[PDB]
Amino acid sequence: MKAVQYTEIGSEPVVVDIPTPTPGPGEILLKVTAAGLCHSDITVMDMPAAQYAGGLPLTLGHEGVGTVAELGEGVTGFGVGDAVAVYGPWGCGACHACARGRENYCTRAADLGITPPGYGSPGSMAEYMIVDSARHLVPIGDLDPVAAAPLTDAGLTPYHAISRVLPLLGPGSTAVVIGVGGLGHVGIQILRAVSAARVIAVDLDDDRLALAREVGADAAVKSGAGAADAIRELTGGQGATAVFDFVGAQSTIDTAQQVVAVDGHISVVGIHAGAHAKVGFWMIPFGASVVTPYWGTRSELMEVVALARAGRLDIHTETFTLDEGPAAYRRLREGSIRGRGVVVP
């Protein structure tokens, strides 16, 4: 089968021919219908050998949807042909976090050698993929696969970040979204669907600000040195109830600390090595909590799928073939994909 793999440290991913896998006991083989590209893939591929934890070769793609092609021995609860999304942050299934579906916060995965598809286990950017267990599949019914694939991370990750502090986001609240890319453009829509927060979007790119307004942002303002003052002009001196930073550079985290309200929240979602919030007296308002969330929970993925099925998420995509996978990663690097890149085999 055709797949897109990261095969040597510091090189671009390549299109390869590798054997179509067969599911072992408990596993499910999917025919992949759509595979999302994520900026985390760039970050992973830019790591030096010592830090890179994905293994070589690695079939990329931690955003996967497909149709059930073959059931491994003993698998129940799915039929051949069922359209499913892959829950990505695989955990042990048995610990206190996993028992609540919070496998993203599994305390045993490292020790048991459990890794996600697309970063340690083979991903979705291939004609077929293996899923380890039935509990990592969520039905999508007749959802369009191209717009569904990003739900598994571009949808799930913002959804989880927002869910952590949803009770803060009542009528009269303001949520700032920094970075209107794959994640951020979905985050805006989640905020509008599950809260009455006023949503202020921030991006470097005027076309991404237009995208933000297109998907329901109440205001959209230019990132950089003037952003904090511009946001405060919109909120008045109270600042923003919550800031969801999908960039996570030091400059954006600094903007977040400069605008967050007393008893508010900053969610540092974007990943930029070395960047950090400075949480101390006189450096942040009283009661303003800060967290780096990771991916999301099983029940959250179901809720994301439910939002999509209800028409609440307009996922902006561009479609690529498997052969175009490496070119698509170049596009993502240069910032020329308006929303999410999606590979269709």
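Throughout, we count residues from 1 along the sequence that is shown.
Mean CA temperature factor is higher for 42 to 50 when stretches 298 to 306 and 42 to 50 are set side by side in the entry. Stretches 83 to 91 and 188 to 196 differ in mean C-alpha B factor, with the higher average recorded for 83 to 91. Of the candidates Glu127, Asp153, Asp203, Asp254, the deposited coordinates give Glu127 the top C-alpha B factor. For the set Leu112, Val260, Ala220, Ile271, the PDB entry puts the maximum C-alpha B factor at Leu112.
Remark: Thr67 belongs to the highest third of its chain, ranked by C-alpha B-factor as recorded. When the modelled residues of the chain are ordered by C-alpha B-factor, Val291 sits in the lowest third. Among the modelled residues of its chain, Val75 has a C-alpha B-factor that falls in the highest third according to the deposited record. In the PDB entry, a CA B factor belonging to the lowest third of its chain's modelled residues is recorded for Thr174.
When all modelled residues of the chain are sorted by CA temperature factor, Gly239 is found within the middle third.
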